[PDB]
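Trainee: Just the starting chains for now, same placement as in the complex:
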Amino acid sequence: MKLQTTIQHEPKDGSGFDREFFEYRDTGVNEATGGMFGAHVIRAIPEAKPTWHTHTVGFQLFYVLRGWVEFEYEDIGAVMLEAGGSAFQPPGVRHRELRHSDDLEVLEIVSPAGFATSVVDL
Amino acid sequence: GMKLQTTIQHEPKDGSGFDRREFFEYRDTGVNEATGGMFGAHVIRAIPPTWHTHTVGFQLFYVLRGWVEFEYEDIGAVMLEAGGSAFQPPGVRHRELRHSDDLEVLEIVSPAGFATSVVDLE
């Protein structure tokens, strides 16, 4: 297989509509679902040091609320997300974070809540 | 049998809380096409109340702008502003009471192609 890393950006004109390092604010989804899912807002603590890794996740989505963050993926390469940007990360995709703004705030929705993380041995 | 509980969180103001259909339009994150319909995620914006259920496993709303008031069978009326989130258990009976003209809300749901049923009140 592999699902594809899938990125969307918010068009700046209002179009697109049809009819140690971080701290976390919990939505309560983990407790509500017994850890089947988690959802939390991640904020940067106000560069440093990109590391290829993977997560033992089924579902994983990020939506940028404030600031900017640059990710890199084994399939699609480097992508810069600003507020309104979203990144769907396939199960276990090899990726890294390249850099982020000091005001970054991003919502993460994941399954399971309690995923493991492994550094890619290159 | 047993049911999960509708789970609401609000963003403190403050900045604490961190631990170290036809009247709407939709912007797709691409998660439906990325996952073959297992999941969907989209931003919903208002364009300037009927009890119902959805055939969903997972369903979460995160308010990006404005405000929206929902009502739930289990927990009653809930007013959400930016930063507020509502986890809606599978098939929970609920309705939307009112919203702001500037409402923007992210919805994450499994599956993408859920059905909606009006609740038989009688």
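Mentor: Yes, it's here. Residues are numbered from 1 along each chain as shown, chains lettered A, B, ... in the order given.

Trainee: alpha carbons only for contacts and neighbour counts from here, please
Mentor: Noted.

Trainee: ok, and what's touching the strand or helix carrying residue A:39?
Mentor: Element membership for residue A:39 (DSSP states H and E) is strand A:38-44. In this structure, residues lying in contact with strand A:38-44 by CA atoms under 8 Å, 6 or more residues apart in numbering or on different chains are A:21-30, A:101-114.

Trainee: Report the secondary structure state of the nearest residue to residue A:39 once chain neighbours are set aside.
Mentor: Spatially, and ignoring its direct neighbours in sequence, residue A:39 is nearest to residue A:109 (4.4 Å; CA to CA, 6 or more residues apart in numbering or on different chains). At residue A:109 the chain is in strand, as set by DSSP: H, G, I helix; E, B strand; the rest coil.

Trainee: Show me what residue A:109 bridges to in the sheet.
Mentor: Residues in a beta bridge with residue A:109, per DSSP bridges, are residue A:39, residue A:61.

Trainee: residue contacts, it?
Mentor: Residue A:109 touches A:37-40, A:59-62, counting by CA under 8 Å, 6+ apart.

Trainee: Kindly recompute the last result at 7 Å.
Mentor: With contacts taken as CA atoms under 7 Å, 6 or more residues apart in numbering or on different chains, residue A:109 has the following neighbours: A:38-40, A:60-62.

Trainee: Repeat that for residue A:3.
Mentor: Residue A:3 touches A:90, B:34-35, counting by CA under 7 Å, 6+ apart.

Trainee: so how far is residue A:101 from the residue in chain A sticking out farthest from the centre?
Mentor: Most distant from the centre of chain A: residue A:19, at 27.2 Å, with distances by CA atoms, centre = their mean. According to CA to CA, to the nearest Å, residue A:19 stands 33 Å off from residue A:101.

Trainee: of the contacts of strand A:38-44, buried ones?
Mentor: Buried residues within the contacts of strand A:38-44, defined by neighbour count using 16 or more other CA atoms under 10 Å in any protein chain shown: A:23-30, A:101, A:104-113.

Trainee: let's bring in chain C now:
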Amino acid sequence: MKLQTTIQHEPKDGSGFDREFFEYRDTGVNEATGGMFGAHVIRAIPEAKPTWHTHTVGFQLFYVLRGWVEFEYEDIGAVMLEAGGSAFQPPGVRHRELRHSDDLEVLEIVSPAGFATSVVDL
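Mentor: Putting chain C onto the chains we already have gives this:
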């Protein structure tokens, strides 16, 4: 998109290893998960009448425990499953059941438990 209907058959030689109409026996998964998932064994009540349809499901898998059943899918066509056979059905795939043995027993694992079913209007 679309994920692909995925069938496996149990090799008859022990290989493959590496190192109204129906009644239902519940595993308890629906109650345990608040309807996020369901799992139950379906048995035939001891022909009749194939109807193209879809289900509002994320995940859906069948594993045949006894007897045989012939399904048909919009993507892969007709497939006959015997004991040990499995069918992964993509979210909302158009399919039908063509015929089954009178002793059919099949395990279904689904998300959500409470999916809707729609007849395909042809």
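
Trainee: The contacts of strand A:38-44 again please, chain C included this time.
Mentor: With CA under 7 Å, 6+ apart as the criterion, strand A:38-44 contacts A:21-27, A:29-30, A:102-113.

Trainee: sorry, back to before: okay, and the beta partners of the residue nearest to the residue farthest from the centre of chain A when sequence neighbours are not counted?
Mentor: Nearest non-adjacent residue to residue A:19, counting by CA to CA, 6+ apart: residue B:25, 4.4 Å away. Residue B:25 forms beta bridges with residue B:45, as assigned by DSSP bridges.

Trainee: Next, the contact list for residue B:25, please.
Mentor: By CA under 7 Å, 6+ apart, the neighbours of residue B:25 are A:17-19, B:44-47.

Trainee: dump the residue contacts of residue A:115.
Mentor: A:55-57 are the contacts of residue A:115 under CA under 7 Å, 6+ apart.

Trainee: Just put these in JSON lines and tack on secondary structure.
Mentor: Shown next, in JSON lines, are the contacts of residue A:115 (three-state DSSP):
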{"residue": "A:55", "secondary structure": "strand"}
{"residue": "A:56", "secondary structure": "coil"}
{"residue": "A:57", "secondary structure": "coil"}
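
Trainee: Residue A:14 - how many residues pack around it?
Mentor: If you count neighbours by other CA atoms under 10 Å in any protein chain shown, residue A:14 ends up with 7.

Trainee: Can I take it that it is in a strand?
Mentor: No: using three-state DSSP, the assignment for residue A:14 is coil, not a strand.

Trainee: For it, grab phi and psi.
Mentor: Taking degrees, to the nearest 10, you get phi 90, psi 0 for the backbone angles of residue A:14.

Trainee: same deal with residue A:22?
Mentor: phi -140, psi 160.

Trainee: Can you tell me how far it is from residue A:117?
Mentor: 16 Å.

Trainee: same deal with residue A:11?
Mentor: From residue A:11 to residue A:117 the distance is 33 Å (CA to CA).

Trainee: Residue A:35 too?
Mentor: 16 Å.

Trainee: slot chain D in:
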Amino acid sequence: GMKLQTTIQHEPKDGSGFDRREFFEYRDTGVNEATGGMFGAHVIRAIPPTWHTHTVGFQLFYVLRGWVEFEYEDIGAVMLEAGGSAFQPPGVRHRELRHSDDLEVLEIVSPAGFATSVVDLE
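Mentor: Chain D, in position alongside the others:
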């Protein structure tokens, strides 16, 4: 916070109940490759006990042949025979105590690529 409960069912004998790693080998249903790793499902057979957890959302076992005894932090030791099922909550602490030489069990799990951790007993 809150946790789902390990949920066991047994097949009545009778026929009622219907309502109208290195010591094992594995046969893949194809669900991992079909779903890009969101889910996996495989049949496990014995080849003729350490507390641990898995980083899984969904996890279900259905015994096809033989018997297997598990032990759970929440509900204790459980003996399963053919037709028995065990739903294992996300990350539940558990272990396998013993099994029959002819054990065959279907496992359905999300994600396919979960990690396993030995429980720190001290």
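
Trainee: The contacts of strand A:38-44 again please, chain D included this time.
Mentor: By CA under 7 Å, 6+ apart, strand A:38-44 touches A:21-27, A:29-30, A:102-113.

Trainee: do stretch A:6-21 as well
Mentor: Stretch A:6-21 is contacted from outside by A:44-45, A:84-88, B:20, B:22, B:24-27, B:29-30, B:34, using CA under 7 Å, 6+ apart.

Trainee: Pull up the distance across stretch A:23-35, start to finish.
Mentor: 19 Å.

Trainee: right, is it up against chain D?
Mentor: Yes: against chain D, stretch A:23-35 shows contacts by CA under 7 Å from any CA of the partner chain at A:30-32, A:34-35.

Trainee: so what's the most centrally placed residue in chain A up against?
Mentor: By CA atoms, centre = their mean, chain A has its centre lying nearest to residue A:62, at 3.7 Å. Contacts of residue A:62 were listed using CA under 7 Å, 6+ apart, and they are A:86-88, A:106-109.

Trainee: which bits of chain A sit near chain C?
Mentor: Residues of chain A lying near chain C (CA under 7 Å from any CA): none found.

Trainee: Could I get the full set of strands for chain A?
Mentor: A:6-8, A:22-26, A:38-44, A:53-55, A:60-66, A:68-73, A:77-82, A:86-88, A:95-100, A:105-110, A:117-119 (DSSP state E).

Trainee: Deepest in the core, which of those is it.
Mentor: strand A:86-88 (a mean of 24; mean count of other CA atoms under 10 Å in any protein chain shown).

Trainee: Is any residue of that one near chain D?
Mentor: No: remark: strand A:86-88 sits outside contact range of chain D, by CA under 7 Å from any CA, the gap being at least 12.8 Å.

Trainee: which helices and strands does that strand pack with?
Mentor: Contact partners of strand A:86-88 among helices and strands, from 3 or more CA pairs under 7 Å, 6 or more residues apart in numbering or on different chains; DSSP states H and E: strand A:6-8, strand A:60-66.
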